[PDB]
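**Student:** model this:
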Amino acid sequence: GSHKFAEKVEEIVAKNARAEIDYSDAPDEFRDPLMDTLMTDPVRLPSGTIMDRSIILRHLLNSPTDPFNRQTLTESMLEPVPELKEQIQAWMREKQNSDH
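**Tutor:** Residues are numbered from 1 along each chain as shown. Provided below are the atomic coordinates:
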């Protein structure tokens with residue numbers, strides 16, 4: 001949710017930002033092609049789609065085939081995209097102004 005704002009110790013009351021943080025979705029980029037949710041680890045898959053190496057972890061448990069073009073999906077055979085992370089932390093940072 002959200003600890004607190006200013007050093008002023010208090011409690012999660014005076015609502016001012018729902019229960020999520022601004023950067024909860026982000027443009028049609030940092031968003032998961034499927035989960036549309038902010039990825040925590042953007043990796044490129046052979047099929048040609050970038051998603052969260054996480055949502056992929058389970059994917060291989062109940063379906064080793066891409067969730068999209070139903071294409072055989074094989075972990076380890078993917079390329080990591082770090083040039084993305086930074087970007088995410090950036091554009092989302094300018095909307096944090098709260099380094100707890």
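
**Student:** For this structure, just list every one of the strands.
**Tutor:** Assigned by DSSP state E, the chain shows strands spanning 42-45, 49-52, 79-80.

**Student:** and residue 8, which of these is closest to it?
**Tutor:** Residue 8 sits nearest to strand 49-52 of all the strands of the chain, at 35.4 Å, using CB to CB. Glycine gets a C-beta too; all of them are placed from N, C-alpha and C.

**Student:** neighbouring strands for the closest one, and are they parallel or not?
**Tutor:** The pairing partners recorded for strand 49-52 under DSSP bridges are strand 42-45 (antiparallel).

**Student:** Please compute how far the strand it pairs with lies from its chain's middle.
**Tutor:** The chain centre lies 12 Å from the centre of strand 42-45; the measure is CA atoms, centre = their mean, to the nearest Å.

**Student:** How about the residue nearest the centre of the chain: what's its closest non-neighbour residue?
**Tutor:** In the chain, the centroid-proximal residue (CA atoms, centre = their mean) is residue 39; its distance is 2.0 Å. Spatial nearest neighbour of residue 39, excluding adjacent residues (CB to CB, 6 or more residues apart in numbering): residue 52 at 3.9 Å.

**Student:** if I pick that neighbour, what's in contact with it?
**Tutor:** The neighbourhood of residue 52, defined by CB atoms under 8 Å, 6 or more residues apart in numbering, consists of 32, 35, 37, 39-43.

**Student:** mind redoing it with 6 Å?
**Tutor:** Residues near residue 52 by CB atoms under 6 Å, 6 or more residues apart in numbering: 32, 39-41.

**Student:** again with residue 1
**Tutor:** By CB under 6 Å, 6+ apart, residue 1 lies in contact with residue 19.
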